[PDB]
Amino acid sequence: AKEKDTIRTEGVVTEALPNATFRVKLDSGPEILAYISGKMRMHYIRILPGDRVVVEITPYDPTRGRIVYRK
Amino acid sequence: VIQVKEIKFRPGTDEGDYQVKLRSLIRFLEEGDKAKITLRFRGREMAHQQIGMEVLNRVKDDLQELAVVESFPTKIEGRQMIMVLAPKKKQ
Amino acid sequence: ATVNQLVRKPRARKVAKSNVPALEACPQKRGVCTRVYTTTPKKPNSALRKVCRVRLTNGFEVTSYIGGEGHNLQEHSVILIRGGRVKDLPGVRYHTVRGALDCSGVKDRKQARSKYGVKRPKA
RNA sequence: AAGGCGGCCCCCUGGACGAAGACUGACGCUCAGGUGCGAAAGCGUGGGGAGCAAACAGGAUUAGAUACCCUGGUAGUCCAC
RNA sequence: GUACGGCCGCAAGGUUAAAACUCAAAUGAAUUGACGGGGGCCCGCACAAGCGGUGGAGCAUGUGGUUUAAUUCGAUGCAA
RNA sequence: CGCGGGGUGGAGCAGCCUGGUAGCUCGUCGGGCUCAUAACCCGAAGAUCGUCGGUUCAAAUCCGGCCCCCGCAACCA
């Protein structure tokens, strides 16, 4: 099925944590742990610690999000 | 005269690594050289708001005893930012 | 090896260490939901997996999976947990029993319903 | 026996092996626990100190170089217990 | 070979010796490659030995770039 | 009137009691290394040695003033 309570809000890469991990601060309100989307990692697309990025956030855990749009 | 020697402070150079080579940078200044800090960001023309001016500023602020800095530059040229550091000037 | 040696020190089978000690050899246990959250899994997987921390009637406090698509669980939810690890979630060694106590069934399931606490739809 | 033992001479001393025959008459093998031995570094006291050299200082190399290289150099390396 | 307990040591430490937790591996030898600041042996106008060139100049020509309403599309390291 | 240490090149030093063309570092501008950059290497530019009077063969270094920076010292409520 796949519910639809997902979101695409944007933000900026803050920290450059380990294993394709980032502090990404949502333009919206705060920042989340944000991990690099599979797609994106498969197509490489390095991601500097200060880029505007798109996030996929499950209301289930706003605290986390996946980076969708590369830059 | 006063020479130019140099130190660097890259990102990921914090207290550990850092103030060890703040000791190295005293040494430069304390020879009576003008010790030039070079930042070398993982970054850009505006790399940081973090990388540089934690480090640089705390290098000044810790070394402030012996050395002071010419400028707190915060104009990066390239992917790297020189903060220039000198002997503290006798008025 | 020697007979003499075994006669002094008998063969001694190793005692199996359990994978669900919090259950204390019970088929399920009851417990209150302490935290209800999501967490990301291990290489090579990637998701936001629903888990909860649960204080059990016997004092143990453990993390437990909340399987299925969608759930209406929060703190102070009283749930039933069963054995069953989540492999790409280290630390997670129990599953929540959908459709028992405060835990609702999965919405709109048609296949494998009984593993998700879903009544048979009138039809 | 293992650790390990190397200039030459003497003194004290352990083990191994060969030849021949006499003697004892299974006195043998192994060994938990026990006991003894056990490189180098290290420790304590007092000696000793040429060379070498942790530490440490200085010179270089390097983006950095708390290293590798160089100039020095303390413990230690030597003796007794 | 960690913690706790015991014994030992001036100390550094030694000796005996667990459990929770976590993973579906860890490991041995050999095999085919690839790689080595890796090495050995050996070939090719690869070097060496030679003769004549290209790089300079003017023009031909292709490309890039720049320009343009358009300068049509493709070929891009040796192998455009 | 009130202590410390300094003034040399764009910046910071060495050359000091041991008075005879002021050299050593970072920057500056070039050159070299690289496919290229960083880094590194060869190099050149760059000075009334604060400013004066004394003093001397010739005083960077020699004394004292003018003056400036820093040092703590102080504005110590």
# chains A, B, ... in the order shown; residues from 1 in each chain; ligands from 1

call {"tool": "residues_around", "arguments": {"residues": "residue C:23", "least_positions_apart": "2", "cutoff": "9 Å", "atoms": "only C-alpha atoms (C1' of nucleotides)", "output": "short mmCIF file (atom, residue, chain, number, x, y, z; two decimals) with N, CA, C and O atoms, in the first residue's frame"}}
result
data_model
loop_
_atom_site.label_atom_id
_atom_site.label_comp_id
_atom_site.auth_asym_id
_atom_site.auth_seq_id
_atom_site.Cartn_x
_atom_site.Cartn_y
_atom_site.Cartn_z
N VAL C 20 15.85 -14.44 24.28
CA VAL C 20 14.69 -13.67 24.72
C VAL C 20 14.53 -13.81 26.22
O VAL C 20 13.50 -14.29 26.70
N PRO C 21 15.55 -13.40 26.98
CA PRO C 21 15.55 -13.54 28.44
C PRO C 21 14.46 -12.75 29.13
O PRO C 21 14.06 -13.08 30.24
N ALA C 25 10.92 -17.46 29.78
CA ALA C 25 10.30 -18.71 29.39
C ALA C 25 8.77 -18.63 29.41
O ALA C 25 8.09 -19.64 29.59
N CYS C 26 8.26 -17.43 29.18
CA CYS C 26 6.83 -17.21 28.91
C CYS C 26 6.59 -16.92 27.44
O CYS C 26 7.44 -16.34 26.77
N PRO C 27 5.41 -17.30 26.93
CA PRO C 27 5.15 -17.18 25.50
C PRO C 27 4.95 -15.74 25.05
O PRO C 27 5.36 -15.38 23.95
N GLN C 28 4.29 -14.93 25.88
CA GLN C 28 4.28 -13.48 25.71
C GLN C 28 4.46 -12.85 27.07
O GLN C 28 4.35 -13.54 28.09
N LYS C 29 4.75 -11.56 27.08
CA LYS C 29 4.69 -10.77 28.31
C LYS C 29 3.99 -9.44 28.08
O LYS C 29 4.02 -8.91 26.97
N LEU C 56 8.22 -4.20 31.16
CA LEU C 56 7.40 -5.40 31.28
C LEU C 56 6.92 -5.63 32.71
O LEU C 56 7.50 -5.11 33.66
N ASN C 58 7.48 -7.82 34.60
CA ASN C 58 8.52 -8.39 35.46
C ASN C 58 9.73 -7.48 35.66
O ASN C 58 10.76 -7.92 36.19
N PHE C 60 11.98 -6.00 33.69
CA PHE C 60 12.75 -5.87 32.46
C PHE C 60 12.23 -4.72 31.62
O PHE C 60 11.02 -4.50 31.55
N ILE C 81 4.03 -8.42 24.17
CA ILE C 81 5.19 -8.68 23.33
C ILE C 81 5.48 -10.17 23.27
O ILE C 81 5.15 -10.92 24.19
N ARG C 82 6.07 -10.58 22.15
CA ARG C 82 6.47 -11.96 21.93
C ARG C 82 7.92 -11.99 21.49
O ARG C 82 8.51 -10.96 21.14
N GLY C 83 8.50 -13.18 21.51
CA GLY C 83 9.85 -13.35 21.02
C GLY C 83 9.91 -13.04 19.54
O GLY C 83 8.89 -13.09 18.84
#

call {"tool": "residues_around", "arguments": {"residues": "stretch 53-63 of chain A", "least_positions_apart": "3", "cutoff": "8 Å", "atoms": "only C-alpha atoms (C1' of nucleotides)", "output": "VMD selection string"}}
result
(chain A and resid 5 to 13 24 31 to 34 66 to 71) or (chain C and resid 37 to 38 48 50)

call {"tool": "write_last_selection", "arguments": {"atoms": "C-alpha atoms", "output": "compact mmCIF listing (two decimals), in the first residue's frame"}}
result
# COMPACT_ATOMS: atom_id res chain seq x y z
CA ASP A 5 1.92 11.01 5.21
CA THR A 6 5.44 11.48 3.81
CA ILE A 7 6.71 14.99 3.12
CA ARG A 8 9.35 16.63 0.89
CA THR A 9 10.31 19.76 2.87
CA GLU A 10 13.82 21.22 2.26
CA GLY A 11 16.84 22.20 4.38
CA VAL A 12 20.61 22.67 4.48
CA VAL A 13 23.33 20.12 5.20
CA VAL A 24 20.73 18.72 7.56
CA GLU A 31 17.39 19.72 11.57
CA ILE A 32 17.25 15.94 11.42
CA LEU A 33 19.70 13.01 11.24
CA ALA A 34 19.14 12.71 7.47
CA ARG A 66 16.08 10.82 3.82
CA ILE A 67 17.87 13.08 1.36
CA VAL A 68 15.96 12.83 -1.94
CA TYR A 69 16.95 15.74 -4.19
CA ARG A 70 20.68 16.02 -4.81
CA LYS A 71 21.34 19.72 -4.26
CA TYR C 37 9.68 6.03 18.13
CA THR C 38 11.45 5.17 14.87
CA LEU C 48 12.35 4.33 9.48
CA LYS C 50 8.79 1.53 14.21

call {"tool": "select_by_dssp", "arguments": {"residues": "chain B", "states": "strand (DSSP E or B)", "output": "tab-separated table (two decimals) with C-alpha atoms, in the first residue's frame"}}
result
chain	number	residue	atom	x	y	z
B	3	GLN	CA	59.93	36.29	9.01
B	4	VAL	CA	56.81	34.70	7.72
B	5	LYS	CA	56.37	31.24	8.98
B	6	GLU	CA	53.10	29.41	8.91
B	7	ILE	CA	50.84	26.90	10.68
B	8	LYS	CA	47.64	25.30	9.42
B	9	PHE	CA	44.38	24.52	11.16
B	33	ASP	CA	58.24	35.43	13.40
B	34	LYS	CA	54.98	36.47	12.07
B	35	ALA	CA	53.11	33.28	12.15
B	36	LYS	CA	50.54	32.99	9.44
B	37	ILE	CA	47.55	30.79	10.07
B	38	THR	CA	46.16	29.15	7.00
B	39	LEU	CA	42.79	27.60	7.14
B	67	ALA	CA	50.67	36.67	19.97
B	68	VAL	CA	48.16	38.71	18.42
B	69	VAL	CA	46.59	38.53	15.13
B	82	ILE	CA	44.41	33.05	5.86
B	83	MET	CA	44.20	34.56	9.27
B	84	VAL	CA	47.40	36.42	9.64
B	85	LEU	CA	49.03	36.26	13.06
B	86	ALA	CA	51.92	38.39	14.32
B	87	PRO	CA	53.82	39.25	17.45

call {"tool": "atom_distance", "arguments": {"atom1": "atom CA of residue B:78", "atom2": "atom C1' of residue F:39"}}
result
15.4 Å

call {"tool": "closest_residue", "arguments": {"among": "A:42, A:17, A:36, A:48", "to": "residue B:42", "atoms": "only C-alpha atoms"}}
result
A:48

call {"tool": "closest_residue", "arguments": {"among": "C:112, C:101, C:3, C:36", "to": "residue C:75", "atoms": "only C-alpha atoms"}}
result
C:36

call {"tool": "closest_atom_pairs", "arguments": {"of": "chain D", "to": "chain B", "cutoff": "12 Å", "atoms": "only C-alpha atoms (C1' of nucleotides)", "output": "Markdown table"}}
result
| residue | atom | partner | partner_atom | distance |
| --- | --- | --- | --- | --- |
| D:63 | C1' | B:8 | CA | 7.9 |
| D:64 | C1' | B:8 | CA | 7.7 |
| D:65 | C1' | B:21 | CA | 11.6 |
| D:66 | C1' | B:20 | CA | 8.6 |

call {"tool": "write_last_selection", "arguments": {"atoms": "N, CA and C atoms (P, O5', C5', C4', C3', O3' and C1' of nucleotides)", "output": "PDB file, in the first residue's frame"}}
result
ATOM      1  P     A D  63      55.213  19.481   1.426  1.00  0.00           P
ATOM      2  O5'   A D  63      54.013  19.964   2.358  1.00  0.00           O
ATOM      3  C5'   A D  63      53.518  21.296   2.263  1.00  0.00           C
ATOM      4  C4'   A D  63      52.423  21.550   3.269  1.00  0.00           C
ATOM      5  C3'   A D  63      52.765  21.200   4.702  1.00  0.00           C
ATOM      6  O3'   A D  63      53.399  22.289   5.352  1.00  0.00           O
ATOM      7  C1'   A D  63      50.673  20.237   4.112  1.00  0.00           C
ATOM      8  P     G D  64      54.564  22.022   6.422  1.00  0.00           P
ATOM      9  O5'   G D  64      53.819  21.206   7.551  1.00  0.00           O
ATOM     10  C5'   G D  64      53.216  21.880   8.634  1.00  0.00           C
ATOM     11  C4'   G D  64      52.517  20.901   9.532  1.00  0.00           C
ATOM     12  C3'   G D  64      53.421  19.947  10.263  1.00  0.00           C
ATOM     13  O3'   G D  64      53.937  20.534  11.433  1.00  0.00           O
ATOM     14  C1'   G D  64      51.632  18.748   9.292  1.00  0.00           C
ATOM     15  P     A D  65      55.521  20.649  11.626  1.00  0.00           P
ATOM     16  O5'   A D  65      55.959  19.126  11.819  1.00  0.00           O
ATOM     17  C5'   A D  65      55.462  18.360  12.909  1.00  0.00           C
ATOM     18  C4'   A D  65      56.047  16.967  12.942  1.00  0.00           C
ATOM     19  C3'   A D  65      57.497  16.833  12.450  1.00  0.00           C
ATOM     20  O3'   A D  65      58.153  15.838  13.214  1.00  0.00           O
ATOM     21  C1'   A D  65      56.153  15.333  11.292  1.00  0.00           C
ATOM     22  P     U D  66      58.907  16.223  14.551  1.00  0.00           P
ATOM     23  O5'   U D  66      57.784  16.044  15.666  1.00  0.00           O
ATOM     24  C5'   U D  66      57.207  14.777  15.976  1.00  0.00           C
ATOM     25  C4'   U D  66      57.030  14.636  17.468  1.00  0.00           C
ATOM     26  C3'   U D  66      56.684  13.241  18.005  1.00  0.00           C
ATOM     27  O3'   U D  66      57.599  12.855  19.025  1.00  0.00           O
ATOM     28  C1'   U D  66      55.233  14.895  18.926  1.00  0.00           C
TER      29        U D  66
END

call {"tool": "closest_residue", "arguments": {"among": "C:103, C:86, C:118, C:51", "to": "chain A", "atoms": "only C-alpha atoms"}}
result
C:51

call {"tool": "interface_residues", "arguments": {"of": "chain C", "to": "chain A", "cutoff": "12 Å", "atoms": "only C-alpha atoms", "output": "PyMOL selection string"}}
result
chain C and resi 36-52+66+68-74+106-110
